Protein chains: 4
Amino acid sequence: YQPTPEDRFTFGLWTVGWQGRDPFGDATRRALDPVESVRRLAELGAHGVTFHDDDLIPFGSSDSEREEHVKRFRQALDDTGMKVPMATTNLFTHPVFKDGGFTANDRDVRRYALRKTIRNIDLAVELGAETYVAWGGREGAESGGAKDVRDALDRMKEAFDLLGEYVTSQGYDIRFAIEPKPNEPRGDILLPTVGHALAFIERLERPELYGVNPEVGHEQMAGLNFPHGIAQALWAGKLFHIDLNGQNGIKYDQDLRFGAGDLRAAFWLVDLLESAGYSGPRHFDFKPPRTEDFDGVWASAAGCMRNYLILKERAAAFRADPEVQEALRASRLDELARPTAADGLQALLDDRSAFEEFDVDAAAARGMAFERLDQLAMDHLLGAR
Amino acid sequence: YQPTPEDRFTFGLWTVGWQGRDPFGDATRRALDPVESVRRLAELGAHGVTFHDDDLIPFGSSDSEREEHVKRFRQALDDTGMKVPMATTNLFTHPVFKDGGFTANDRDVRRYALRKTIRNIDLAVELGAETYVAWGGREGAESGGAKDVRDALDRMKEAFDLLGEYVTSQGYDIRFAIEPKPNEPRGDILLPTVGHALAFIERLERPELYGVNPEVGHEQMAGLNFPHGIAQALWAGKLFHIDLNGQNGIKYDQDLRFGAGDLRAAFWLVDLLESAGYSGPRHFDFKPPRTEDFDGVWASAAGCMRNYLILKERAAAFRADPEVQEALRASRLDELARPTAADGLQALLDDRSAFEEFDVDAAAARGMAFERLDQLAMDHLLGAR
Amino acid sequence: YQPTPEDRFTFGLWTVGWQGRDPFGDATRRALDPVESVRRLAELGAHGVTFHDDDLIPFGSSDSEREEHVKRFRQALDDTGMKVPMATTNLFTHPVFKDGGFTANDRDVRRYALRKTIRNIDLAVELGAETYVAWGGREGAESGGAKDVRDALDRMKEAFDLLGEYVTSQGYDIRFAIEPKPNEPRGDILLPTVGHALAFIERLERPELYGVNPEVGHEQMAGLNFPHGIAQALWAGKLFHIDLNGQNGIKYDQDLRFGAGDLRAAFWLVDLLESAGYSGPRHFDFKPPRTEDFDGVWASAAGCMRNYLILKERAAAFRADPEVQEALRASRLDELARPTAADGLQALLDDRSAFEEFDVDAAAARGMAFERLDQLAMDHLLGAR
Amino acid sequence: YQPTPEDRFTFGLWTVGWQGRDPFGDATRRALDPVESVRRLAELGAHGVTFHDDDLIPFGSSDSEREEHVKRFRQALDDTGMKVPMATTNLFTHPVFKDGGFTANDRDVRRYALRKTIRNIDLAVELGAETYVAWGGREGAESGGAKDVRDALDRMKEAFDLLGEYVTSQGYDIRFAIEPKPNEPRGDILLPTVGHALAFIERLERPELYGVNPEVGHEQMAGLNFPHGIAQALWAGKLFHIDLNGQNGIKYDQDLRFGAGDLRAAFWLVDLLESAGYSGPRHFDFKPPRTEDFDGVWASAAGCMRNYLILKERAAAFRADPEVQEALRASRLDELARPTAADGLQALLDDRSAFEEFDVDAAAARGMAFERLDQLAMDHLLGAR
Ligand code: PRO
Ligand code: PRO
Ligand code: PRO
Ligand code: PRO
Ligand SMILES: [Mg+2]
Ligand SMILES: [Mg+2]
Ligand SMILES: [Mg+2]
Ligand SMILES: [Mg+2]
Ligand SMILES: [Mn+2]
Ligand SMILES: [Mn+2]
Ligand SMILES: [Mn+2]
Ligand SMILES: [Mn+2]
């Protein structure tokens with residue numbers, strides 16, 4: 001289960017570089033130079049790295065400082081063969097964004113948020129990024145009167161439409177991916193789930209430029225089924241990027257390494273991504289727990305990739321097993337994939353077998369055989385076949 | 001706070017008619033004749049009632065029995081002046097729907113589900129319903145291999161497209177409203193939130209025919225902010241109907257009377273519906289707790305309406321209070337409603353006040369004054385002004 | 001991974017006998033004769049069965065009917081070698097218990113609840129049960145004024161004290177196990193967690209007679225860590241019995257087969273029970289999903305036992321692996337088991353190495369190595385060593 | 001609704017002094033001098049303040065610096081008439097406590113945690129504190145193998161027993177209050193609820209010295225009913241202190257001002273504290289949201305007290321209303337307070353009215369009238385009587 005760059009595993013600078021500060025704790029690790037992170041990740045078999053503007057260039061840097069930060073980072077990529085498939089903007093850390101970036105009540109802040117974003121889009125394109133993520137972590141409210149949500153969505157659409165106009169004007173090939181989260185740091189965050197983000201995209205001027213960047217932990221913070229949400233995103237042709245990690249149910253955003261948290265959901269996620277032929281980066285947005293030293297940081301990062309590869313093997317074995325294939329037919333997964341009424345509306349209305357002469361009791365008596373199918377899945381996952 | 005039919009309050013037959021059976025309990029009340037429910041609800045000041053096919057006509061009824069059930073119900077409506085603004089299909093109770101209706105793995109069940117629905121659409125139109133609700137409570141899974149979600153969404157779209165073709169073919173004016181729920185009775189239900197339902201509608205052949213019917217308790221079962229979800233539905237022009245009740249957070253679907261559960265969320269919901277000019281029914285999908293006798297049933301129903309009217313008064317007082325209006329300006333809710341960049345992209349790029357000469361520290365130092373605004377809201381709600 | 005009676009696996013009659021009725025659904029399976037359940041479970045390698053009074057003897061049975069039900073059940077036990085290690089009372093199904101049994105507001109209902117319980121204690125002893133479970137599923141409230149909780153706890157203590165007096169008076173060896181659940185069917189249930197039950201027991205007249213019967217799904221409905229709660233119960237010497245199943249986080253009580261739901265929590269639970277030498281029944285309180293026919297029922301039951309045995313193997317391998325033993329020392333699990341201050345208070349106060357000369361920075365810099373340890377655990381669980 | 005010191009409202013230095021740092025955000029406010037906080041709080045009508053050691057004396061202070069910090073604080077108390085009824089230790093911020101204080105795997109850290117605590121107990125006594133709180137926020141784990149919970153509870157008991165021995169040895173009158181929280185910052189925290197803490201106390205050497213300090217938001221993070229937990233604490237005679245705030249269900253610890261979050265739970269809490277005659281401080285552990293400037297900080301603090309006083313008035317009016325008193329009798333709250341079987345076990349066994357001649361159907365048919373009672377409560381809360 002050794003990863004290589006061909007596996008497309010990527011990591012945010014802010015992941016392995018997390019110093020361990022939490023709402024009740026000071027840092028437990030020294031800051032990492034992005035150059036060292038790129039080197040260590042490459043050694044582990046990563047394909048690339050991602051960044052917020054402010055991860056790569058400290059906020060408030062002069063043009064000369066900016067140039068040097070980028071130069072060193074560029075050299076690290078060149079030294080290792082690492083890529084930068086995605087980048088994003090920090091519109092959440094600085095106190096100016098305390099009520100949001102794109103949907104701040106203050107109009108001057110909204111305009112600044114757009115300019116900060118546009119600056120980093122140019123840099124992302126320079127470094128070769130194909131996807132530009134937007135996580136509106138500060139868009140939302142703690143109280144009901146503070147944020148008129150219809151007005152906020154008007155502002156959010158205005159912002160994304162302007163970004164689309166910008167990339168079009170420059171002839172950039174980059175596309176946007178909106179990252180939903182239901183809460184934290186705001187009491188409620190706007191576009192809280194994959195569904196809300198997908199719906200919002202449909203109202204944009206150029207919807208083809210926008211997809212979703214769902215995160216395992218985020219959908220799980222709403223108690224939702226992450227593989228189901230990913231399936232709906234795939235169904236809509238909008239899974240532009242994905243963030244992999246672990247989460248134990250409904251609580252603060254844990255950002256455990258992938259495989260941790262809900263292990264079976266991780267299995268079903270990998271099964272879906274591989275079956276569907278998802279071809280984007282397998283990106284980890286995780287935090288090595290603050291209990292760890294740097295050796296533990298790299299161990300945790302390695303574990304992300306290892307767990308993906310183990311689950312990949314087991315899911316493939318599951319789908320390829322003739323006994324499982326038989327069980328899938330027994331449970332009528334084949335029938336689920338057949339149209340309900342390709343014969344058309346009038347034919348359905350005229351079909352007595354669909355109502356007048358439908359034996360409901362006989363149909364009801366037919367077991368779904370889902371438990372046997374699921375125990376085959378369990379046996380494959382655990383290597384107990 | 002006395003309701004009258006002008007207030008548009010409606011109730012499902014299955015609400016006040018709930019006999020009190022739960023997953024661990026037998027019935028605590030006798031069944032109600034729909035005729036008596038219509039009379040008692042009218043006496044309380046309700047505007048109308050809604051029904052599943054199987055609430056009004058016992059499953060398996062002959063044509064003669066069906067005719068008599070409808071005749072008696074029609075007479076009750078005529079005797080009281082009650083309306084029927086919405087109807088729906090029961091695609092969840094009968095064991096044949098154990099794996100779903102529209103997305104059952106068994107194709108014969110999917111076809112039957114469509115025929116059962118179509119039959120009741122005709123009846124709904126006959127009784128004057130303007131909205132036809134679909135709650136896919138059995139669409140989903142307890143285990144990962146049982147349901148391929150992309151295939152299931154293909155089947156779900158096929159079903160809704162056929163229903164749209166049907167209403168179009170008959171020249172009916174009725175529109176559809178999809179009701180999301182995240183779980184229960186299935187381990188995970190497809191289209192689990194308002195966002196997922198909105199997104200799905202965009203992929204239908206005739207999206208203009210479909211909106212959402214969100215329920216307070218359902219979105220709260222995912223820990224989501226219900227007023228926020230309703231705002232996004234309104235923003236999309238898709239709030240075709242709404243179900244009002246109460247829920248205490250993340251647990252089984254409680255169906256408490258409206259006002260119970262999250263009281264402040266109820267306040268903000270009423271504030272939003274009234275401000276936006278929502279003009280549809282104020283429908284209660286609640287269950288008087290099984291502790292209650294029939295006197296308690298009608299008391300609980302009356303309380304639904306009373307709480308709506310109290311909250312309406314307090315929200316209106318809040319919005320009309322000059323002190324609140326001043327606080328809203330102090331918190332820049334006015335600025336939130338102004339376009340970010342009506343001057344356009346190039347103007348924004350050329351505007352030094354948006355970046356090069358933006359004083360981020362001065363902006364950051366400006367308090368939002370949200371706590372004072374929220375305490376004014378609290379004071380209005382509690383009648384402590 | 002074939003179970004035999006030596007493994008002490010037991011099942012409730014109401015588990016495999018669940019007909020599939022849920023809050024939105026009619027039965028999907030015919031009722032099972034307890035005699036057939038005993039036979040089928042024995043064939044699968046079960047050790048025994050458990051019952052509520054009303055599972056074994058239909059409510060309202062005459063003395064002659066009662067005698068025959070017991071006679072047939074006795075014969076099934078004798079035919080199979082099955083045991084009955086635990087029994088319990090149904091104080092939740094009948095509408096008389098709509099506000100509770102032991103803590104019903106109506107005093108006559110409380111007295112009846114006690115008499116019903118006492119009758120079944122006699123039967124449980126006759127059939128050889130060593131543990132008598134009490135799940136107060138109806139003890140609680142949907143609204144704040146309905147239940148004064150201090151008064152309710154007074155009544156709950158009165159009830160349990162009387163039961164203790166009863167078993168003492170008869171010279172029975174049977175002990176009680178209180179089963180916590182946080183909610184469902186009541187909006188909030190009294191003694192909602194293992195902790196609350198443990199605390200309550202300390203106020204009983206004869207606390208030695210009472211322990212807990214925790215259920216995996218129940219603690220998980222509060223988002224709690226089930227292995228942690230079981231550890232506290234063991235620490236207190238109060239794990240008299242346990243109910244095993246699966247649950248996907250915070251929602252309605254799913255009662256999935258053991259191993260389903262939170263797989264890693266199942267692993268850590270088995271690790272703890274085996275390490276601690278828990279010697280009681282491994283009891284499954286689960287429901288085969290209503291999608292299943294009878295073949296699926298027995299498959300689901302078999303899966304409960306299979307998953308326990310797989311996890312047992314993997315946990316044992318984990319603890320026995322010299323590499324894991326080294327990692328445990330690296331993470332100072334050995335130090336966690338050593339007293340903090342066996343030298344005593346004055347020695348600690350006088351020890352400059354504990355404060356005045358404690359190098360906090362050096363201590364802080366020492367990584368815990370928890371991620372490497374956890375990936376070894378993951379590798380063992382998945383059979384990827 | 002103007003608070004005065006007689007109302008016993010207290011605030012932590014770290015509450016109004018929170019600079020607004022969160023897991024995704026830098027500070028939005030400057031640090032407050034404890035002297036200014038004491039003055040501003042007194043002006044608002046507070047009774048007193050509380051502190052962690054490190055809130056009052058910056059970590060690493062020399063003896064001379066320590067003396068001056070205390071001197072200035074003492075002068076502020078004297079200038080205002082403010083009291084210090086409670087103090088606590090910071091065993092969570094410094095990286096040395098990354099795996100805990102009292103239950104750190106490293107024994108040297110456990111010993112240091114005890115010495116740090118003991119030092120501050122002396123200071124707390126000097127400043128007049130009657131209660132010493134312990135919140136073990138770092139006691140717990142993110143992964144299963146990292147923490148053997150039985151061993152950890154052994155260490156936790158050792159620590160609390162030593163603290164008890166210490167206060168006894170000094171003749172101090174101060175008592176301890178253990179503050180539960182289910183998670184955050186650790187993935188799972190030990191003693192996660194009021195119940196677990198109560199149970200743990202019973203195993204201490206001198207249980208009379210220890211009670212609980214429950215927090216509204218903390219119990220709600222497990223989805224539990226806070227008034228119910230407070231009732232069990234009162235029932236056990238262990239409510240030594242309480243922390244008041246607001247929380248919107250199951251998510252990160254929000255620390256909203258009291259009254260925010262679950263408003264009806266706040267009502268029922270105040271009703272219980274006032275009815276029971278809780279005589280300790282009404283302490284607020286809240287954070288003014290980081291959106292706020294200093295004016296908003298004091299507004300938020302004032303709102304805590306205002307909401308307590310409004311709810312106090314409404315709860316008192318509810319209990320005093322003859323119509324409510326009649327409704328309480330109708331719902332048999334009086335019967336709930338009467339012993340079930342003061343006649344004794346044998347009398348109950350011999351009482352045919354308790355079983356043989358108990359009319360279960362007649363009892364079952366009696367409605368509880370809980371909905372009418374609850375709407376009276378709603379009407380009182382909203383000032384709609
Ligand atoms: O390449 C991709 O990522 C998508 C997934 C479905 C087919 N194409
Ligand atoms: O009539 C309605 O319901 C919608 C609400 C927004 C404006 N029109
Ligand atoms: O036999 C049992 O179940 C308990 C477990 C710890 C040691 N004895
Ligand atoms: O004074 C107190 O706080 C406790 C409350 C119940 C009676 N005494
Ligand atoms: Mg992310
Ligand atoms: Mg509904
Ligand atoms: Mg159980
Ligand atoms: Mg606190
Ligand atoms: Mn995250
Ligand atoms: Mn509902
Ligand atoms: Mn259960
Ligand atoms: Mn808190």
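Method-wise, the PDB entry is recorded as coming from X-ray crystallography, at a reported resolution of 1.503 Å.

A.B. asks: Can you walk me through the overall build of chain A in this structure?
C.D. replies: Counting secondary structure elements, chain A contains 16 helices and ten strands. Relative to its length of 385 residues, chain A is compact, with a C-alpha radius of gyration of 23 Å against a globular reference of 21 Å. Reported as C-alpha extents along the three principal axes, the dimensions of chain A are approximately 80 × 50 × 40 Å. Long-range contacts, defined as pairs at least 24 residues apart, comprise 78% of the intrachain contacts of chain A with a sequence gap of at least 6.

A.B. asks: It is not clear to me how the UniProt feature "binding site: Mg(2+) 1" in chain A should be interpreted in this structure. Could you clarify?
C.D. replies: Residue and element names in this part refer to chain A. Mapped onto this structure's residue numbering, the UniProt feature "binding site: Mg(2+) 1" falls at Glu-179, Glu-215, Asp-243 and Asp-285. Across 107 residues in sequence, these annotated residues keep their C-alpha atoms within 11.8 Å of one another, forming a single compact spot. Structurally, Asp-285 is set in the loop between β10 (282-284) and α11 (294-320). Judged by relative accessible area, which is 9%, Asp-285 ranks as buried. With near-sequence residues (within four places) excluded, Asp-285 lies in contact with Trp-14, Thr-15, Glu-215, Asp-243, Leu-244, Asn-245 and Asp-255. Polar contacts involving the side chain of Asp-285 include one to the side chain of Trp-14, which spans 2.8 Å.

A.B. asks: What's the story with the relation of the copies chain B and chain A in this structure? I'm lost.
C.D. replies: Two copies of the chain are present, and they differ by a rotation about an axis and a shift along that axis. Overlay of chain B on chain A (RMSD 0.0 Å): rotation 180 degrees, translation along the axis 0.0 Å. The two molecules are tied by a two-fold rotation axis, judged by turn and shift. The residues that chain B uses at the interface reappear at the interface of chain A in 100% of cases, marking a shared surface.

A.B. asks: I would appreciate a short explanation of the interface of chain B and chain A in the present structure.
C.D. replies: Bring the parts together and some accessible area is lost; that lost area is often taken as the interface size. Taken together, the 101 residues of chain B in the interface contact 101 residues of chain A. Of the roughly 9100 Å² buried where chain B meets chain A, counting both sides, 62% is carbon and sulfur surface. Looking at the side of chain B facing chain A, the largest losses of area belong to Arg-115, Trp-235 and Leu-336 of chain B, adding up to 10% of the total buried there. Salt-bridge contacts for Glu-356 of chain B lead to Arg-115 of chain A; the nearest nitrogen and oxygen are separated by 3.0 Å. Counting across the chain B and chain A interface gives 54 residue pairs in polar contact. For the side of chain B that touches chain A, the leading source of residues is helix α6 (residues 149-170) of chain B, giving 13 residues. Split into classes, the residues belonging to the side of chain B that touches chain A amount to 50 nonpolar, 19 polar and 32 charged.

A.B. asks: Help me out: how do you make sense of the coordination of the manganese ion (ligand 11) in this one?
C.D. replies: Each donor-metal-donor angle in an ideal tetrahedron of four donors is 109.5 degrees, and each such angle in an ideal octahedron of six donors is either 90 or 180 degrees. The coordination sphere of the manganese ion (ligand 11) contains the protein donors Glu-215 of chain C (OE), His-218 of chain C (NE2), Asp-253 of chain C (OD), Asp-253 of chain C (OD) and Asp-255 of chain C (OD), at a distance range of 2.3 to 2.8 Å. Between the donor residues of the manganese ion (ligand 11), the gaps in sequence give the motif E-x2-H-x34-D-x1-D.

A.B. asks: What's the story with the site of ligand 4 in this structure? I'm lost.
C.D. replies: All names here are of chain D. Residues in close proximity to ligand 4 include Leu-234, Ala-276, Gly-277, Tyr-278 and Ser-279, which together make up its full environment. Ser-279 is positioned such that a nitrogen or oxygen atom in its side chain is 2.7 Å from an oxygen atom of ligand 4. Alone, ligand 4 offers 250 Å² of accessible surface; in the complex the protein occludes 51% of this. Looking at the shell around ligand 4, its residues break down into three nonpolar, two polar and no charged.

A.B. asks: I would appreciate a short explanation of the coordination of the manganese ion (ligand 10) in the present structure.
C.D. replies: Residue and element names in this part refer to chain B. Only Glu-215 (OE), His-218 (NE2), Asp-253 (OD), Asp-253 (OD) and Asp-255 (OD) from the protein coordinate the manganese ion (ligand 10), and they sit 2.3 to 2.8 Å from it. Sequence positions of the donors to the manganese ion (ligand 10) reduce to the motif E-x2-H-x34-D-x1-D. The two metals, the manganese ion (ligand 10) and the magnesium ion (ligand 6), are separated by 4.9 Å and share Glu-215 as a common coordinating residue. With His-218 in helix α8 (residues 216-220) and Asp-253 in the loop between β9 (243-244) and α10 (263-276), this pair connects stretches of sequence that are 35 residues apart. Neither residue differs from the other here; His-218 and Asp-253 are each classed as buried.

A.B. asks: What is the right way to read the packing of aromatic side chains from this model?
C.D. replies: Each aromatic ring pair is summarised here by two numbers: the centre-to-centre distance and the angle between the ring planes. The final tally for this structure, using the stated rule, is 92 aromatic pairs over all chains. Look at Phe-358 of chain A and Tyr-112 of chain B: their rings are 5.1 Å apart centre to centre, the planes differ by 35 degrees, and that puts the pair in the tilted class. A residue pair is termed interchain when its members come from two chains, as with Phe-358 of chain A in the loop between α14 (345-349) and α15 (360-365) and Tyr-112 of chain B in helix α5 (residues 107-126). Of the two residues, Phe-358 of chain A and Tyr-112 of chain B, neither departs from the other in class, the shared state being buried. Geometrically, the ring pair formed by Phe-97 of chain D and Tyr-112 of chain D is stacked, given 5.7 Å between the ring centres and 15 degrees between the ring planes. In this pair, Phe-97 of chain D is assigned in the loop between β3 (86-88) and α5 (107-126) and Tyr-112 of chain D in helix α5, connecting sequence segments 15 residues apart. By relative accessible area, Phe-97 of chain D is classed as buried at 1%. Judged by relative accessible area, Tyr-112 of chain D falls into the buried class, the value being 5%.

A.B. asks: Even after reading the chapter, I still don't get the interface of chain D and chain C, so can you show me in this structure?
C.D. replies: Taken together, the 101 residues of chain D in the interface contact 101 residues of chain C. Roughly 9100 Å² is buried in total at the junction of chain D and chain C, and carbon and sulfur atoms are behind 62% of that figure. On the surface where chain D and chain C come into contact, there are twelve salt bridges. When the shortest N-O distance is used, the salt bridge between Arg-111 of chain D and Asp-351 of chain C registers 2.8 Å. For the pair chain D and chain C, the number of links is 54 residue pairs in polar contact. For the side of chain D that touches chain C, a count of residues per class yields 50 nonpolar, 19 polar and 32 charged.

A.B. asks: Can you walk me through the UniProt feature "binding site: Mg(2+) 2" in chain A in this structure?
C.D. replies: Residue and element names in this part refer to chain A. The positions that UniProt labels "binding site: Mg(2+) 2" are, in the present scheme, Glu-215, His-218, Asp-253 and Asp-255. Taken along the chain, the residues just named run across 41 residues; in space they keep tight, none of their C-alpha pairs more than 10.5 Å apart. Not counting chain neighbours up to four residues away, the residues in contact with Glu-215 comprise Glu-179, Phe-226, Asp-243, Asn-245, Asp-253, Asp-255 and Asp-285.

A.B. asks: I'm lost on the sheet that holds strand β10 (residues 282-284) of chain C in this one. Help?
C.D. replies: Two orientations exist for strands paired in a sheet by backbone hydrogen bonds: parallel and antiparallel. Residues and elements named next belong to chain C. Pairing is parallel across the open sheet formed by eight strands, whose spatial order is β8-β6-β4-β3-β2-β1-β10-β9. Edge strands, defined here as strands with exactly one partner in the open sheet, are β8 (210-212) and β9 (243-244). Bridge count between strand β1 (residues 9-12) and strand β2 (residues 48-52): three bridges; the pairing is parallel. Across the sheet, the residue bridging to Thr-10 is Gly-48, located in β2.

A.B. asks: I tried to follow the site of ligand 1 on my own but got confused; where do I start?
C.D. replies: All names here are of chain A. As a structural note, the neighbourhood of ligand 1 is formed by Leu-234, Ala-276, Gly-277, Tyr-278 and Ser-279. Take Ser-279: an N or O atom from its side chain is 2.7 Å from an oxygen atom of ligand 1. Starting from 250 Å² of accessible surface for ligand 1 in isolation, the protein chains cover 51%. A per-class count over the shell around ligand 1 returns three nonpolar, two polar and no charged.

What counts and how
As presented, residues are numbered from 1 along each chain according to the written sequence, a scheme that may differ from that of the entry, and residues lacking coordinates are left out. Following the order in which they are written, the chains are lettered starting with A and the ligands numbered starting with 1. In computing side-chain properties, one takes all heavy atoms of the structure into account and sets aside hydrogens as well as water. Residues with missing side-chain atoms are left out of burial classes, side-chain pairs and their counts. Working definition: helices are DSSP H or I runs of at least four residues, strands are E runs of at least two. Numbering for both runs from the N terminus. With C-alpha atoms as the basis for the radius of gyration, the globule rule is written as 2.2 Å multiplied by the number of residues raised to the power 0.38. The contact criterion used throughout is that any non-hydrogen atoms of two residues lie within 4.5 Å. UniProt positions are given in the numbering used here, feature names are shortened, and annotations may be inferred rather than shown by experiment. In this scheme, a residue with accessible area under 20% of its type's maximum is buried, one over 50% is exposed, and one in between is partly exposed, where area comes from a 1.4 Å probe on protein chains only. N or O atoms closer than or at 3.5 Å make up a polar contact, with two conditions inside protein: a donor-capable atom paired with an acceptor-capable one, and, for residues adjacent in sequence, both atoms drawn from side chains. The fit that places the copies together is a least-squares one on their C-alpha atoms. Buried surface area refers to the total accessible area, computed with a probe of radius 1.4 Å, that the two partners give up upon joining, counted for both partners together. A carboxyl oxygen of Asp or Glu within 4 Å of a side-chain nitrogen of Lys or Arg is what we treat as a salt bridge. Charged residues are taken to be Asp, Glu, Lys and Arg, nonpolar residues to be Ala, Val, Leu, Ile, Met, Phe, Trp, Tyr, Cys and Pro, and polar residues to be all remaining types, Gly included. Note that water is not among the atoms used; donors are N, O and S atoms within 2.8 Å of the metal (3.2 Å for Na, K and Ca), so sites may look incomplete. Near is defined per residue: the residue qualifies when any heavy atom it owns lies within 4 Å of the molecule or strand. In this description, accessible areas are obtained by the Shrake-Rupley approach with a 1.4 Å probe, and a residue is regarded as covered only by the protein chains that are shown. Working definition: rings of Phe, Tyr and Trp (its six-membered ring) pair if their centres are within 6.5 Å, and the pair is stacked with planes under 30 degrees apart, edge-to-face with planes over 60 apart, and tilted otherwise. Between any two strands, at least two bridges found by DSSP are needed for them to pair.

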